[PDB]
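K.L.:
Return a 3D structure for these sequence lines:
(2 chains)
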Protein chains: 2
Amino acid sequence: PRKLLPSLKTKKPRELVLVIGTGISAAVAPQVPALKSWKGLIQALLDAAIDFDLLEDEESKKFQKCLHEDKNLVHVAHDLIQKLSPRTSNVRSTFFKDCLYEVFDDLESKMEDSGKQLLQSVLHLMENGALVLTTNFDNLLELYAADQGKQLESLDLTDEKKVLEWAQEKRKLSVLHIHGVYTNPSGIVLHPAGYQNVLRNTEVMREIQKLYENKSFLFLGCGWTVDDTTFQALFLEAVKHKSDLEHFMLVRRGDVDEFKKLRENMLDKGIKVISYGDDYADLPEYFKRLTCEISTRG
Amino acid sequence: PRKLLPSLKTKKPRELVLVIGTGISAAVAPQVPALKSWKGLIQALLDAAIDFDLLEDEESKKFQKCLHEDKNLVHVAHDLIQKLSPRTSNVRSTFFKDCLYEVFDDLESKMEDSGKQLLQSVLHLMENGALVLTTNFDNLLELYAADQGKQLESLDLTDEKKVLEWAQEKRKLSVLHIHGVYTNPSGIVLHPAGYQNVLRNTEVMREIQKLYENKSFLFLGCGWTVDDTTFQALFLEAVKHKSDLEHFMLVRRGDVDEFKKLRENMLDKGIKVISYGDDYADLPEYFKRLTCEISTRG
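P.N.:
Numbering: from 1, shown residues only, chains lettered A, B, ... in the order given. The structure is reproduced below:
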């Protein structure tokens, strides 16, 4: 198989900042449309909007029409967010709560060991002291973290005190959601202009330079992530040094052409490349070894 | 066994300049491919390149193809160096660092007393004040030198100031690597034209005559180093006196024919022959005696 990663073995778990994307959510049993892919997310919220009649026939037809010939997924998800927000004050919004909390539940009932190893290694990293952020609305990881008895809370960008106090890292055992959480419907912001107004403080992205300048990330199930504008604006807007980065990322192998294409474009971004077997079943053993040597040397 | 060397006994250890080659690295437990033989080094790098996918299948196939029907081993190692160097600026080159630092580690875990006596007597020679240079990429000797508490630095030909102040022998307790070191990936140069441009100063090779003209070397695990072109380029190009040399070299005995052919050819070069017992086990006692008598008379 693929042996121990050269750099990863010697990095301290403190500097390790794990990032989880659609790959880990797809490691969970793929029967919920929300977790197979990002495309199946918007399809899931569609099916939830049609069956719960939040949205009349013609405009569900429009949003479906976006699906076949598609472009600009994040804008379309934002157009959705905007059209489902005519609410007055709170009114326990049935246009929001009763769609996201329909789509993103029924998740635990389809949990197996093959995805379970991922988050148990994650709990090993957190008990080492590693910081973790995610890119999905789901909340399965911290639910099963609470399953064995480790309380893990969901954070967002709306709560200013928690974001301000989270950048300095004193609050360990905490996972920030760069997109949102279904357990807190008022805490999701996705449009590019929505996370800029709450981040009006230029001193608080001075407090985020400690993530990208010095701390080491590890993008799991990513790569299309570095393509959309959210990570460019939260990571690469306020830093001009691509010559000396310490960030890492893990994806599948496959056809050699896109292999070298991703190689070159995220060397231009400045992350290291790791592709191992595209077998969908050697990532568990490889990543759980990674975590255990990290914990032992840590 | 083989008693004390007639000439060596009376040499003061300052005149002694120890050279270590593939024999000492093979004295270490021979299960890393890198240290059993020079041949074994390039296959270790080839195996590292295949499993980490620096080169595609066909390039690795060509590289494998040179192995079976071989020639120009240093030339092929340079071809490997050139094709693994498309990097931009530094970019913590994954084509170099993540290959050499994979191959040349996992070395200390296989360290035993039979190889330990060699380096511990080496430490004796250093505390006498002898000079030592190496011909292999490894840094096991300096690592275990630092094990008991003696700090030993790895030097190369790239840093011009260190090489300039090193030829005078003002800097003691220092070891240059005629080939390179794995702890400094940017400090390795092997192709014949690489160590001439950095050595553009003919006055600095005039500062090198004090090695070959007056200082006494002692080549351990050598004999094939006087066959390739690096030793001839750095030693015999600027020296025209083979009538009066003062240099030594130690190797195995064996077939009498090959014994006398090496005898004659390196008498033509101008070194003394010592072949003892090819038992792979009386070199420790013989060389450790040699070193203790030199230290006592030093």
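
K.L.:
Close to chain B: what parts of the stretch 1-150 of chain A are there?
P.N.:
By CB under 8 Å from any CB of the partner chain, the residues of the stretch 1-150 of chain A that approach chain B are A:2, A:3, A:6, A:7. Every residue, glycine included, has its C-beta placed from N, CA and C.

K.L.:
Would you confirm that the last one contacts residue A:248?
P.N.:
Yes. In this structure residue A:7 lies within contact range of residue A:248 using CB atoms under 8 Å: 7.0 Å.

K.L.:
between the two, what contacts are shared?
P.N.:
With contacts taken as CB atoms under 8 Å, 6 or more residues apart in numbering or on different chains, the residues that reach both residue A:7 and residue A:248 are residue A:272.

K.L.:
Quick check on the residue of chain A found nearest chain B: phi, psi?
P.N.:
Distance from chain B to each residue of chain A (CB to the nearest CB) is smallest for residue A:6, at 4.7 Å. Note on residue A:6: backbone dihedrals following degrees, to the nearest 10 are phi -60, psi -60.

K.L.:
count of neighbours near it?
P.N.:
Residues near residue A:6, counting by other CB atoms under 10 Å in any protein chain shown, number 19.

K.L.:
That one touches residue B:100, doesn't it?
P.N.:
No. Under the criterion of CB under 8 Å, residue A:6 makes no contact with residue B:100, lying 9.7 Å away.

K.L.:
Please enumerate the shared neighbours of those two.
P.N.:
Joint contacts of residue A:6 and residue B:100 (CB under 8 Å, 6+ apart) do not exist.

K.L.:
Which of residue A:7 and residue A:248 has more residues huddled nearby?
P.N.:
Remark: of residue A:7 and residue A:248, residue A:248 carries more neighbours, 22 against 16, as counted by other CB under 10 Å.

K.L.:
Which residue comes closest to that one once chain neighbours are left out?
P.N.:
residue A:218 (4.7 Å; CB to CB, 6 or more residues apart in numbering or on different chains).

K.L.:
element containing residue A:261?
P.N.:
helix A:256-269 (DSSP states H and E).

K.L.:
which other residues reach the next helix or strand after that helix?
P.N.:
Next along the chain after helix A:256-269, taking DSSP H and E as the criterion, comes helix A:282-297. For helix A:282-297, the external contacting residues (CB under 8 Å, 6+ apart) are A:1-2, A:4-5, A:8-11, A:13, A:16, A:27, A:114, A:117-118, A:121-122, A:124-125, A:128, A:220, A:250, A:276-277.

K.L.:
Need the buried ones from the residues you listed selected in PyMOL.
P.N.:
Of these, the buried ones go into a single PyMOL selection, burial set by 16 or more other CB atoms under 10 Å in any protein chain shown:
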select buried, chain A and resi 2+5+8+11+13+16+27+117+118+121+122+124+125+220+250+276
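
K.L.:
Narrow the contacts of helix A:282-297 to those in strands?
P.N.:
Applying DSSP state E to the contacts of helix A:282-297, the entries found in strands are A:16, A:220, A:250.

K.L.:
Mind putting those into TSV with distance to residue A:240?
P.N.:
TSV is the format used below for those (distance: CB to CB, whole Å):
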residue	distance to residue A:240
A:16	24
A:220	27
A:250	26
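
K.L.:
Closest one to residue B:134 out of these, please.
P.N.:
Proximity to residue B:134 was ranked across those by CB to CB; first place goes to residue A:16, at 35.2 Å.

K.L.:
count of residues packed around the nearest residue to the closest one once chain neighbours are set aside?
P.N.:
Nearest residue to residue A:16 in three dimensions, chain neighbours excluded: residue A:130, at 4.6 Å (CB to CB, 6+ apart). Residue A:130: 23 surrounding residues under other CB under 10 Å.

K.L.:
Next one: residue A:130 relative to residue A:216, how far apart?
P.N.:
Counting by CB to CB, to the nearest Å, the gap between residue A:130 and residue A:216 amounts to 10 Å.

K.L.:
between these two, what contacts are shared?
P.N.:
Joint contacts of residue A:130 and residue A:216 (CB under 8 Å, 6+ apart) are A:16, A:17.

K.L.:
sorry, back to before: quick one: the closest residue to the residue of chain A closest to chain B other than its chain neighbours from residue A:273, how far?
P.N.:
Counting by CB to CB, 6+ apart, the nearest residue to residue A:6 once its immediate chain neighbours are dropped is residue B:98, at 4.7 Å. Distance of residue B:98 to residue A:273, given as CB to CB: 10 Å.

K.L.:
Now stretch A:65-77 - C-alpha only, CSV.
P.N.:
Provided in CSV are the C-alpha atoms of stretch A:65-77 (Å, rounded to 0.1, in the frame of the first residue of the first chain):
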residue,chain,number,x,y,z
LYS,A,65,-33.6,23.6,-14.6
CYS,A,66,-30.4,24.9,-13.1
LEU,A,67,-29.4,21.2,-12.3
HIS,A,68,-29.3,19.8,-15.8
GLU,A,69,-27.2,22.5,-17.5
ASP,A,70,-25.4,23.8,-14.4
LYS,A,71,-23.0,26.5,-13.3
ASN,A,72,-22.3,28.5,-10.3
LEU,A,73,-23.5,26.2,-7.6
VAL,A,74,-22.8,28.4,-4.6
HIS,A,75,-24.7,31.4,-6.1
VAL,A,76,-27.7,29.1,-6.7
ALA,A,77,-27.6,27.9,-3.1
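
K.L.:
Could you tell me which residues within that stretch count as buried?
P.N.:
Within stretch A:65-77, the residues scored as buried using 16+ other CB under 10 Å are A:66, A:73, A:74, A:77.

K.L.:
ditto for stretch A:20-40
P.N.:
So for stretch A:20-40, counting by 16+ other CB under 10 Å, buried means A:20-28, A:32-38, A:40.

K.L.:
Just the ones of these in helices?
P.N.:
Members of the buried residues of stretch A:20-40 lying in helices (criterion: DSSP state H): A:22, A:23, A:24, A:25, A:26, A:27, A:33, A:34, A:35, A:36, A:38, A:40.

K.L.:
Hmm, residue A:39 and the fifth one touching each other?
P.N.:
No. Contact criterion CB under 8 Å: residue A:26 and residue A:39 do not qualify, at 11.5 Å.

K.L.:
Kindly provide the distance from residue A:27 to residue A:19.
P.N.:
Using CB to CB, residue A:27 is found at 15 Å from residue A:19.

K.L.:
Verify the stated contact: residue A:277 with residue A:251.
P.N.:
No. Using CB under 8 Å, residue A:277 makes no contact with residue A:251, being 11.0 Å away.

K.L.:
Can you tell me, leaving aside adjacent residues, what's nearest to residue A:107?
P.N.:
residue A:140 is the one closest to residue A:107 (CB to CB, 6+ apart), at 4.9 Å.
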